[PDB]
Protein chains: 2
Amino acid sequence: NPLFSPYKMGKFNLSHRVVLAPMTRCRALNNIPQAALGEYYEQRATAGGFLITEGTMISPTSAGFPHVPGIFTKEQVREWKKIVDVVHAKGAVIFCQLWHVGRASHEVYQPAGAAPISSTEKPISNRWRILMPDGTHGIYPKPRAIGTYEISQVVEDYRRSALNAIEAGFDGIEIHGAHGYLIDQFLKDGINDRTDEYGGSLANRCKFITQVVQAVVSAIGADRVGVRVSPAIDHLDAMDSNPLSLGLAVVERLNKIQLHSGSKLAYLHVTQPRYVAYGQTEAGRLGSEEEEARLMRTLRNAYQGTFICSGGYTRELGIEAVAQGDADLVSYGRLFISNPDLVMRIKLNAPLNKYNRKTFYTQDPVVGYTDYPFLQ
Amino acid sequence: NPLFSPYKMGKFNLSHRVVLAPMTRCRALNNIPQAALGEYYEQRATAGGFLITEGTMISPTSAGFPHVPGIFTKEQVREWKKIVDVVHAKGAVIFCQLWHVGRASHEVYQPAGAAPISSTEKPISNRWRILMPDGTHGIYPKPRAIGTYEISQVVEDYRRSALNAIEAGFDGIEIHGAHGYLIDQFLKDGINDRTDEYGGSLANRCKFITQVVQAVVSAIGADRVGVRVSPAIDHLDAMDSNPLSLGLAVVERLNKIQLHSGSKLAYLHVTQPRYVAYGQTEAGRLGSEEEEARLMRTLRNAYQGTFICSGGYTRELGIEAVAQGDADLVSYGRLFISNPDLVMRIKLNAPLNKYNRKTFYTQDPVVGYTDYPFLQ
Ligand SMILES: Cc1cc2nc3c(=O)[nH]c(=O)nc-3n(C[C@H](O)[C@H](O)[C@H](O)COP(=O)(O)O)c2cc1C
Ligand SMILES: Cc1cc2nc3c(=O)[nH]c(=O)nc-3n(C[C@H](O)[C@H](O)[C@H](O)COP(=O)(O)O)c2cc1C
């Protein structure tokens, strides 16, 4: 099983290639990591396995979900330390994902009910909904477009949060630059309508992610920084006119940061669009994933370092990805929600528990969070 | 059991609400209905049960699957009559679905080597494939956007095929106006990029289906016409910027044909979207199930007549649909493939056979077609 051949990610000797994808679960009540998160990550940790946390706030303006953890206060750092310690005691490696949602927020999540910040004043359209604190769905509002100085302050929020993660004992951080959140609002030409030095050309659109990555690399070292992007996913109205060109331009910049810094990043992590093959249509099961596969393989080929693929992977697709050389590591989201022992189940080719979307984002510390059963 | 409360569909006294959905199965060798189809439909026919045939060709250029029946030649009419007779001997009602695939074709199904016809010049994208005669998957070619003047000839093909279906003894026809095929290529503004009178406004985009339905109603009467649409489906790149406005525009023109005709159509048949896109994203699924139930209920409330729902129904969901007033009739596809006596099994709550997708579209007159077992 190629998913269980060891992989050397920088200094880390991983025993297998099954990664816990970062997943927002909303159990970090009032943005404080809770004991429940310790139980959850400990259930899923394995010796030599790599875990990535849920998206974690870098500042008071960075959230667009309820009860997501922060790492911008010392109180948050102290609670994160307890979670990191129980994961390390199982021999796992864990990175903290640093997440700013940008325009994907709501007055209810902002200090003093201020407008969310973005590259643009354009709102996400009513194709999309936000989860409100009472469990209902709300409408994204108009964001405020930030200028150059405020951009530098957001970059410093990333830097300070990266330092805090290291203080908490994390092995590194992952920059959430995907899925139409703040960084992707600068990258995507369907969102970034700026005319200043952060808008227009590919170079300009890539400036913000380059500045964020450079700031955290200069603070904690390139080896402790992973980067996540999704050029071909248009979640939250995040389309680009040319996704492969945008992805290659980002890869370009990461390779250049690595040459200048003299060190490789921990990894590039890319989520791919994944089209469900509807079984009830005439041709839904005749589909081909070749074009999207070629896009992913071209990003991997272009990037000088470790590549993590994500988005709809199964045991079989993960095995194929590693066997074909298409990725070094494979991250799993939904199946890891419902299978605390996903690594072992994939090793044994055991049945996998179904997942219940209804409890993905509820607040109970057990129900739908830590009560999915282990192999019996 | 609400699914076994009788239903009056026009002059048809149906004894239960379980409908055989139209399903392409590719047993109609060289486009001529075969004795195997007779056995297959006879197996599934019940006293007072409603059956809809597989999509059936309206012209030599209208197919996109191998060995699908036509009803545009008198030979085809003669073979269909034999099938209709065995279904009627069982006391069932049967409608012939008239099917033109538009741009979802291939040169192998184009006898004069012409490009497939459509509203648009844009081909179906690379992630969709066509079933080839040898079982492999082929690539969809570039279609030709038909001129304004050619539309009336395709409408005429529907009219002549509807007359032929009646000559064969069918109780009615169903217009396949769904799933990204020819009529849906005019409906969906994600496909229809015309600038003439059949493009642009919802009114313009609805003209083609209105003219098709009017032609067949004027040929055989409204009571013998059902109409199938899918305003929200992911199939062959058929998307729309406002499915509800599109669906309501279609319903309002159907209601108007009924008002001016002085008779109601046999029914409106709507595919349930079963939206599962963006499951791998943070927010992609928020409020989508609610939007989907809103869409279907808004259409059924607006349509003045019988409403058939289809797509992903089980025994339980079919009961709930009829119980809540969401549908008058529920059509089943995949479970009817593998359970010839699905009606009886649903009545008794018996175990349901699994289906084998590998033999959905093969040519064997028995294997995977009529050799699924009845209750013992
Ligand atoms: C409930 C849920 C929460 C998620 N939260 C995050 C997140 O906080 N940060 C992120 O980068 N991706 C997030 N994702 C995307 C996942 O990291 C991952 O890319 C996706 O789940 C992989 O597809 P799979 O579920 O088929 O394995 C989330 C996905 C789900 C379903
Ligand atoms: C093998 C197969 C062939 C189908 N052929 C047609 C068709 O020719 N015309 C049509 O309108 N729908 C067709 N459909 C869609 C079905 O009519 C129906 O909507 C679907 O099967 C219902 O969902 P279910 O299988 O979960 O019951 C087909 C579906 C399948 C699985």
# chains A, B, ... in the order shown; residues from 1 in each chain; ligands from 1
$ residues_around --residues "residue 36 (chain A)" --least-positions-apart "6" --cutoff "10 Å" --atoms "only C-alpha atoms" --output "VMD selection string"
chain A and resid 27 to 28 42 83 364 to 366 369 to 370
$ interface_residues --of "chain A" --to "chain B" --cutoff "10 Å" --atoms "only C-alpha atoms" --output "PyMOL selection string"
chain A and resi 23-25+65+104+127-131+136-138+178-179+233-236+271-292+310-313+332-334+357+360-361
$ write_last_selection --atoms "C-alpha atoms" --output "PDB file, in the first residue's frame"
ATOM      1  CA  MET A  23     -11.650  21.191   9.179  1.00  0.00           C
ATOM      2  CA  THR A  24     -13.723  23.841  10.876  1.00  0.00           C
ATOM      3  CA  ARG A  25     -15.927  22.158  13.483  1.00  0.00           C
ATOM      4  CA  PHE A  65     -18.013  30.855  11.550  1.00  0.00           C
ATOM      5  CA  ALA A 104     -16.872  35.750   4.017  1.00  0.00           C
ATOM      6  CA  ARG A 127     -25.614  31.911  -4.305  1.00  0.00           C
ATOM      7  CA  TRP A 128     -23.884  31.351  -0.951  1.00  0.00           C
ATOM      8  CA  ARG A 129     -24.834  31.427   2.718  1.00  0.00           C
ATOM      9  CA  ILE A 130     -23.044  32.022   6.008  1.00  0.00           C
ATOM     10  CA  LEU A 131     -23.708  29.922   9.120  1.00  0.00           C
ATOM     11  CA  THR A 136     -29.630  29.557  10.661  1.00  0.00           C
ATOM     12  CA  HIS A 137     -28.168  30.698   7.344  1.00  0.00           C
ATOM     13  CA  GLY A 138     -27.481  34.360   6.700  1.00  0.00           C
ATOM     14  CA  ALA A 178      -7.856  28.752  -0.525  1.00  0.00           C
ATOM     15  CA  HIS A 179     -11.630  28.490  -0.963  1.00  0.00           C
ATOM     16  CA  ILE A 233     -12.340  25.865  -6.750  1.00  0.00           C
ATOM     17  CA  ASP A 234     -14.832  28.712  -7.080  1.00  0.00           C
ATOM     18  CA  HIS A 235     -16.457  28.400  -3.633  1.00  0.00           C
ATOM     19  CA  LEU A 236     -17.905  31.758  -2.462  1.00  0.00           C
ATOM     20  CA  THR A 271      -7.652  21.225  -2.973  1.00  0.00           C
ATOM     21  CA  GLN A 272      -9.148  20.243  -6.248  1.00  0.00           C
ATOM     22  CA  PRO A 273     -12.702  20.534  -7.485  1.00  0.00           C
ATOM     23  CA  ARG A 274     -14.407  17.192  -7.384  1.00  0.00           C
ATOM     24  CA  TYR A 275     -17.608  16.595  -9.315  1.00  0.00           C
ATOM     25  CA  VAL A 276     -19.939  14.044  -7.793  1.00  0.00           C
ATOM     26  CA  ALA A 277     -21.013  11.483 -10.387  1.00  0.00           C
ATOM     27  CA  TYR A 278     -24.804  11.592 -10.140  1.00  0.00           C
ATOM     28  CA  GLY A 279     -26.150   8.077 -10.499  1.00  0.00           C
ATOM     29  CA  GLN A 280     -29.709   9.110 -11.368  1.00  0.00           C
ATOM     30  CA  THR A 281     -28.887  10.886 -14.667  1.00  0.00           C
ATOM     31  CA  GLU A 282     -28.279   9.343 -18.074  1.00  0.00           C
ATOM     32  CA  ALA A 283     -24.585  10.210 -18.305  1.00  0.00           C
ATOM     33  CA  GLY A 284     -23.613  11.190 -14.748  1.00  0.00           C
ATOM     34  CA  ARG A 285     -21.468   8.063 -14.340  1.00  0.00           C
ATOM     35  CA  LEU A 286     -19.768   8.404 -17.744  1.00  0.00           C
ATOM     36  CA  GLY A 287     -17.763  11.408 -16.568  1.00  0.00           C
ATOM     37  CA  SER A 288     -14.020  11.981 -16.779  1.00  0.00           C
ATOM     38  CA  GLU A 289     -11.787  13.620 -14.177  1.00  0.00           C
ATOM     39  CA  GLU A 290      -8.788  13.802 -16.514  1.00  0.00           C
ATOM     40  CA  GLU A 291      -8.664  17.580 -17.051  1.00  0.00           C
ATOM     41  CA  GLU A 292      -8.780  18.311 -13.327  1.00  0.00           C
ATOM     42  CA  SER A 310      -7.041  17.044  -1.197  1.00  0.00           C
ATOM     43  CA  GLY A 311     -10.673  17.117  -2.266  1.00  0.00           C
ATOM     44  CA  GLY A 312     -12.850  14.036  -2.512  1.00  0.00           C
ATOM     45  CA  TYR A 313     -10.093  11.479  -1.944  1.00  0.00           C
ATOM     46  CA  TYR A 332      -8.797  13.523   4.033  1.00  0.00           C
ATOM     47  CA  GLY A 333     -11.616  15.637   5.444  1.00  0.00           C
ATOM     48  CA  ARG A 334     -15.123  14.185   5.730  1.00  0.00           C
ATOM     49  CA  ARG A 357     -23.216  16.680   7.922  1.00  0.00           C
ATOM     50  CA  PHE A 360     -20.284  19.239  11.276  1.00  0.00           C
ATOM     51  CA  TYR A 361     -20.655  22.716  12.831  1.00  0.00           C
TER      52      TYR A 361
END
$ residues_around --residues "residue 191 (chain A)" --least-positions-apart "2" --cutoff "7 Å" --atoms "only C-alpha atoms" --output "list in words"
residues 120, 185, 188, 189, 193 and 238 of chain A
$ write_last_selection --atoms "N, CA and C atoms" --output "compact mmCIF listing (two decimals), in the first residue's frame"
# COMPACT_ATOMS: atom_id res chain seq x y z
N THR A 120 -11.77 43.98 -1.95
CA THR A 120 -12.81 44.56 -2.79
C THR A 120 -13.97 45.01 -1.90
N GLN A 185 -9.34 36.09 -2.13
CA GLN A 185 -9.98 37.30 -2.62
C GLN A 185 -8.99 38.26 -3.28
N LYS A 188 -7.91 35.74 -6.90
CA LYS A 188 -8.88 35.49 -7.99
C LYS A 188 -9.30 36.77 -8.73
N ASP A 189 -9.20 36.74 -10.05
CA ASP A 189 -9.58 37.93 -10.87
C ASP A 189 -11.10 38.11 -10.89
N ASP A 193 -10.88 43.34 -8.00
CA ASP A 193 -11.06 44.45 -8.93
C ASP A 193 -10.24 45.68 -8.52
N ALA A 238 -15.44 32.59 -6.06
CA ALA A 238 -14.01 32.78 -6.22
C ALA A 238 -13.50 32.16 -7.51
$ select_by_dssp --residues "region 41-80 of chain B" --states "helix (DSSP H, G or I)" --output "MDAnalysis selection string"
chainID B and resid 41:44 74:80
$ write_last_selection --atoms "C-alpha atoms" --output "PDB file, in the first residue's frame"
ATOM      1  CA  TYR B  41     -41.916  -3.617 -19.494  1.00  0.00           C
ATOM      2  CA  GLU B  42     -44.370  -6.488 -19.002  1.00  0.00           C
ATOM      3  CA  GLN B  43     -42.342  -7.567 -15.946  1.00  0.00           C
ATOM      4  CA  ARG B  44     -42.718  -4.127 -14.429  1.00  0.00           C
ATOM      5  CA  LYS B  74     -43.326   2.872 -39.558  1.00  0.00           C
ATOM      6  CA  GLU B  75     -41.250  -0.229 -38.802  1.00  0.00           C
ATOM      7  CA  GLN B  76     -40.546   1.229 -35.358  1.00  0.00           C
ATOM      8  CA  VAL B  77     -44.268   1.923 -34.856  1.00  0.00           C
ATOM      9  CA  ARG B  78     -45.086  -1.705 -35.712  1.00  0.00           C
ATOM     10  CA  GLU B  79     -42.621  -3.108 -33.184  1.00  0.00           C
ATOM     11  CA  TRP B  80     -43.716  -0.657 -30.489  1.00  0.00           C
TER      12      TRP B  80
END
$ atom_distance --atom1 "CA of residue 213 (chain A)" --atom2 "atom 12 (N, counted along the ligand's line) of ligand 1"
17.8 Å
$ atom_distance --atom1 "CA of residue 154 (chain A)" --atom2 "CA of residue 58 (chain A)"
8.5 Å
$ atom_distance --atom1 "CA of residue 168 (chain A)" --atom2 "CA of residue 40 (chain A)"
17.7 Å
$ residues_around --residues "residue 303 (chain B)" --least-positions-apart "5" --cutoff "9 Å" --atoms "only C-alpha atoms" --output "PyMOL selection string"
chain B and resi 248+251-252+254-255+268+298
$ residues_around --residues "residue 115 (chain A)" --least-positions-apart "4" --cutoff "8 Å" --atoms "only C-alpha atoms" --output "list in words"
residues 106, 107, 110, 141, 142, 143 and 144 of chain A
$ residues_around --residues "region 96-100 of chain A" --least-positions-apart "2" --cutoff "6 Å" --atoms "only C-alpha atoms" --output "count of residues only"
12
$ select_by_dssp --residues "region 75-316 of chain B" --states "strand (DSSP E or B)" --output "MDAnalysis selection string"
chainID B and resid 93:99 117:118 129:131 137:139 144:145 172:177 225:229 267:271 307:310
$ write_last_selection --atoms "N, CA and C atoms" --output "compact mmCIF listing (two decimals), in the first residue's frame"
# COMPACT_ATOMS: atom_id res chain seq x y z
N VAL B 93 -50.90 1.68 -17.77
CA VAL B 93 -50.91 2.84 -18.65
C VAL B 93 -49.46 3.10 -19.05
N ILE B 94 -49.21 3.41 -20.33
CA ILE B 94 -47.82 3.60 -20.76
C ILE B 94 -47.70 4.80 -21.71
N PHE B 95 -46.73 5.67 -21.41
CA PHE B 95 -46.40 6.83 -22.23
C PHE B 95 -45.03 6.60 -22.87
N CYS B 96 -44.88 7.04 -24.12
CA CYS B 96 -43.58 7.01 -24.81
C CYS B 96 -42.84 8.34 -24.62
N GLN B 97 -41.60 8.30 -24.10
CA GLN B 97 -40.86 9.54 -23.96
C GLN B 97 -40.16 9.88 -25.27
N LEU B 98 -40.39 11.08 -25.78
CA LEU B 98 -39.76 11.51 -27.04
C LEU B 98 -38.50 12.29 -26.71
N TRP B 99 -37.38 11.86 -27.27
CA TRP B 99 -36.05 12.26 -26.82
C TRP B 99 -35.20 12.73 -27.99
N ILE B 117 -26.97 19.17 -33.47
CA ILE B 117 -27.63 20.47 -33.43
C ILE B 117 -27.85 20.92 -31.99
N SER B 118 -27.94 22.23 -31.79
CA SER B 118 -28.15 22.77 -30.45
C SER B 118 -28.59 24.22 -30.55
N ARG B 129 -18.57 12.56 -20.82
CA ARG B 129 -18.30 11.69 -21.95
C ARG B 129 -19.59 11.05 -22.45
N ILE B 130 -19.52 10.50 -23.66
CA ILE B 130 -20.65 9.84 -24.29
C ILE B 130 -20.37 8.35 -24.33
N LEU B 131 -21.44 7.55 -24.25
CA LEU B 131 -21.29 6.10 -24.37
C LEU B 131 -21.18 5.75 -25.85
N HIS B 137 -15.89 5.12 -23.72
CA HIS B 137 -16.41 6.48 -23.54
C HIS B 137 -15.76 7.43 -24.54
N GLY B 138 -16.59 8.19 -25.24
CA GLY B 138 -16.14 9.12 -26.26
C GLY B 138 -16.29 10.57 -25.83
N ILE B 139 -15.72 11.46 -26.64
CA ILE B 139 -15.68 12.89 -26.38
C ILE B 139 -16.79 13.57 -27.17
N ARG B 144 -23.60 22.55 -33.69
CA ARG B 144 -23.95 23.68 -34.53
C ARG B 144 -25.17 24.39 -33.96
N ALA B 145 -25.05 25.70 -33.78
CA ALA B 145 -26.19 26.49 -33.31
C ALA B 145 -27.17 26.63 -34.47
N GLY B 172 -50.02 8.01 -24.28
CA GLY B 172 -49.58 9.39 -24.34
C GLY B 172 -48.10 9.40 -24.65
N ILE B 173 -47.57 10.61 -24.73
CA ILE B 173 -46.13 10.79 -24.86
C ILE B 173 -45.69 11.69 -23.73
N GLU B 174 -44.39 11.62 -23.42
CA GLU B 174 -43.72 12.55 -22.54
C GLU B 174 -42.64 13.27 -23.32
N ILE B 175 -42.63 14.60 -23.25
CA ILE B 175 -41.57 15.40 -23.86
C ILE B 175 -40.36 15.41 -22.91
N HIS B 176 -39.22 14.88 -23.37
CA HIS B 176 -38.00 14.92 -22.56
C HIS B 176 -37.40 16.31 -22.74
N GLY B 177 -37.69 17.21 -21.80
CA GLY B 177 -37.20 18.57 -21.84
C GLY B 177 -36.19 18.83 -20.74
N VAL B 225 -50.36 14.30 -23.33
CA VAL B 225 -49.02 14.89 -23.31
C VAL B 225 -48.58 15.12 -21.86
N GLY B 226 -47.43 14.54 -21.49
CA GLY B 226 -46.73 14.91 -20.27
C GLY B 226 -45.44 15.64 -20.61
N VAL B 227 -44.90 16.45 -19.69
CA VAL B 227 -43.70 17.24 -19.97
C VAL B 227 -42.71 17.04 -18.84
N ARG B 228 -41.47 16.69 -19.19
CA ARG B 228 -40.43 16.50 -18.18
C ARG B 228 -39.40 17.62 -18.25
N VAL B 229 -39.11 18.24 -17.10
CA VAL B 229 -38.07 19.27 -17.05
C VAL B 229 -37.20 19.05 -15.81
N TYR B 267 -49.47 15.56 -17.25
CA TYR B 267 -48.71 15.83 -16.02
C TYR B 267 -47.50 16.71 -16.33
N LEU B 268 -46.90 17.23 -15.26
CA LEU B 268 -45.56 17.78 -15.26
C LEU B 268 -44.67 16.86 -14.43
N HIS B 269 -43.49 16.53 -14.97
CA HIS B 269 -42.55 15.57 -14.41
C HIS B 269 -41.27 16.35 -14.14
N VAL B 270 -40.85 16.44 -12.88
CA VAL B 270 -39.69 17.27 -12.53
C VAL B 270 -38.64 16.43 -11.82
N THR B 271 -37.40 16.50 -12.31
CA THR B 271 -36.28 15.84 -11.65
C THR B 271 -35.87 16.61 -10.40
N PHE B 307 -48.43 16.37 -10.75
CA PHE B 307 -47.00 16.62 -10.56
C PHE B 307 -46.33 15.30 -10.22
N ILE B 308 -45.36 14.88 -11.05
CA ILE B 308 -44.57 13.68 -10.81
C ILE B 308 -43.17 14.12 -10.42
N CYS B 309 -42.65 13.59 -9.31
CA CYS B 309 -41.29 13.85 -8.87
C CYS B 309 -40.42 12.63 -9.12
N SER B 310 -39.14 12.88 -9.37
CA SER B 310 -38.21 11.83 -9.70
C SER B 310 -36.83 12.24 -9.25
$ closest_residue --among "A:54, A:320, A:157, A:326" --to "ligand 1" --atoms "only C-alpha atoms and all ligand atoms"
A:54
$ residues_around --residues "region 194-203 of chain A" --least-positions-apart "6" --cutoff "9 Å" --atoms "only C-alpha atoms" --output "PyMOL selection string"
chain A and resi 119-120+145+148+186-187+245-246+249-250+253
$ decode --residues "region 202-217 of chain B" --atoms "N, CA, C and O atoms" --output "compact mmCIF listing (two decimals), in the first residue's frame"
# COMPACT_ATOMS: atom_id res chain seq x y z
N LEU B 202 -35.93 35.12 -20.36
CA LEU B 202 -36.56 33.84 -19.95
C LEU B 202 -37.64 33.51 -20.99
O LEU B 202 -37.70 32.35 -21.41
N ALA B 203 -38.45 34.50 -21.40
CA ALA B 203 -39.51 34.28 -22.41
C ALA B 203 -38.92 33.69 -23.69
O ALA B 203 -39.49 32.73 -24.22
N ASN B 204 -37.83 34.27 -24.17
CA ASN B 204 -37.20 33.78 -25.42
C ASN B 204 -36.68 32.36 -25.20
O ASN B 204 -36.86 31.52 -26.09
N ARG B 205 -36.06 32.11 -24.04
CA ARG B 205 -35.48 30.79 -23.81
C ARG B 205 -36.56 29.73 -23.64
O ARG B 205 -36.29 28.56 -23.92
N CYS B 206 -37.77 30.12 -23.23
CA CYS B 206 -38.86 29.16 -23.09
C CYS B 206 -39.61 28.92 -24.39
O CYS B 206 -40.52 28.09 -24.40
N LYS B 207 -39.26 29.61 -25.49
CA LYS B 207 -40.07 29.50 -26.71
C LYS B 207 -39.99 28.11 -27.31
O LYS B 207 -41.00 27.58 -27.80
N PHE B 208 -38.81 27.49 -27.27
CA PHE B 208 -38.65 26.20 -27.93
C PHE B 208 -39.51 25.13 -27.27
O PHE B 208 -40.25 24.41 -27.95
N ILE B 209 -39.45 25.03 -25.94
CA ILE B 209 -40.28 24.01 -25.30
C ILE B 209 -41.76 24.33 -25.48
O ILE B 209 -42.58 23.42 -25.65
N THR B 210 -42.13 25.61 -25.49
CA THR B 210 -43.53 25.97 -25.67
C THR B 210 -44.02 25.53 -27.05
O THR B 210 -45.11 24.96 -27.18
N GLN B 211 -43.19 25.75 -28.08
CA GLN B 211 -43.59 25.37 -29.42
C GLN B 211 -43.63 23.86 -29.59
O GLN B 211 -44.50 23.33 -30.29
N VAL B 212 -42.69 23.14 -28.97
CA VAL B 212 -42.75 21.68 -29.02
C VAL B 212 -44.04 21.18 -28.39
O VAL B 212 -44.77 20.35 -28.96
N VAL B 213 -44.33 21.66 -27.18
CA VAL B 213 -45.50 21.17 -26.45
C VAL B 213 -46.77 21.55 -27.19
O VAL B 213 -47.69 20.73 -27.34
N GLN B 214 -46.83 22.77 -27.73
CA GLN B 214 -48.01 23.18 -28.46
C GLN B 214 -48.23 22.31 -29.70
O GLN B 214 -49.37 21.93 -30.00
N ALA B 215 -47.16 22.01 -30.43
CA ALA B 215 -47.30 21.17 -31.63
C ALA B 215 -47.85 19.80 -31.27
O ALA B 215 -48.78 19.30 -31.93
N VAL B 216 -47.31 19.17 -30.22
CA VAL B 216 -47.79 17.83 -29.90
C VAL B 216 -49.21 17.90 -29.32
O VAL B 216 -50.03 17.05 -29.62
N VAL B 217 -49.53 18.94 -28.54
CA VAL B 217 -50.89 19.08 -28.01
C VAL B 217 -51.91 19.23 -29.15
O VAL B 217 -53.00 18.63 -29.12
